[PDB]
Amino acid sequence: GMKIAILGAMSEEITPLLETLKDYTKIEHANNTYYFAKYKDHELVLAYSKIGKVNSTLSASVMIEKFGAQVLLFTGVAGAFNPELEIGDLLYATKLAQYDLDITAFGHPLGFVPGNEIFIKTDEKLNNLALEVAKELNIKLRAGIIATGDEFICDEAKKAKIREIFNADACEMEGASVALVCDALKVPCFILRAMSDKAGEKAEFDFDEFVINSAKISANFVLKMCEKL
């Protein structure tokens, strides 16, 4: 079996996995805790990064460069843009962009810097495995584009703009950064999100109400994927 990283942003996104696993060891590193467990012939490394692009980049980098992760599964919640998504629905990202990476003053498109592309892709084999798991367990699973940036979106105008520019189905604050790290380090990456809110007026209240439950839905799914890897 391979060494698998499971990464979230907040305690709520990862604690459900630790409760399921029960037996694990801890290491304090990178001003955070990294958790180690054996599960179905796989060595797991788990952590929550803390919120946002920088924190999630650091944790993905640590999990691969220091702890030797060979595959990385991201689990957590997101703000829904696609009106067909409801709170609780699962979306995996086929590709992701940073909507707030902006050198447009120099005539390049939003999300672009030299040497990189606007969109980073996730791993096709992991995505196909997720589709198999979803079918086997009768779980509804949607494929889409995720827009990542360092703002909590709770504004219909901003939602509409990001949706339009990137054809994005959801937003969050860690996906594109984690996917970029994994691509750069040649590690297959899967990004799964359960919707906690619709990223408009009162998104903060929906997020507060639904984060715990939506986080569990995503967490359960990525652990099921580990069984089939």
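For the two forms, the rigid core is made up of the largest set of C-alpha atoms that agree within 1.5 Å on superposition. The first residue of the shown sequence is 1; numbering continues from there.
**Student:** Between 198-206 and 162-170, where do the CA atoms move more in 5 other deposited structures of this protein, taking the root mean square over the structures and residues after a core fit?
**Tutor:** Of the two stretches, the larger average C-alpha offset in 5 other deposited structures of this protein falls on 198-206.
**Student:** Which segment is farther from the shown form on average in 5 other deposited structures of this protein after a rigid core fit, 38-46 or 176-184, going by CA atoms?
**Tutor:** It is 38-46 whose C-alphas lie farther from the shown form in 5 other deposited structures of this protein.
**Student:** Quick check on the record: does 39-47 or 63-71 carry the larger mean Cα temperature factor?
**Tutor:** If you average the C-alpha B-factors of 63-71 and of 39-47, the larger mean comes out for 39-47.
**Student:** Comparing 30-38 with 174-182, where is the mean C-alpha B-factor higher?
**Tutor:** Of 174-182 and 30-38, the stretch with the higher C-alpha B-factor average is 30-38.
**Student:** From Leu90, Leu101, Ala93, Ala157, can you pick the one with the highest C-alpha B factor in the entry?
**Tutor:** That would be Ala157, according to the entry.
**Student:** Using the B-factors in the PDB entry, rank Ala168's C-alpha atom against the chain and give the third, lowest, middle or highest.
**Tutor:** Ranked within chain, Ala168 CA B lands in the middle tercile.
**Student:** How does the C-alpha B factor of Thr148 compare with the rest of the chain: lowest, middle or highest third?
**Tutor:** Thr148: CA B-factor falls in the lowest third of its chain.
**Student:** Lowest, middle or highest third: where is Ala5 by C-alpha B factor in its chain?
**Tutor:** It belongs to the middle third of the chain when residues are ordered by C-alpha B-factor.
**Student:** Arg193: which third of its chain by C-alpha temperature factor?
**Tutor:** It falls in the bottom third of the chain.
**Student:** Among the modelled residues of its chain, does the C-alpha B-factor of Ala203 lie in the lowest, middle or highest third?
**Tutor:** Tercile = highest for this residue's CA B-factor.
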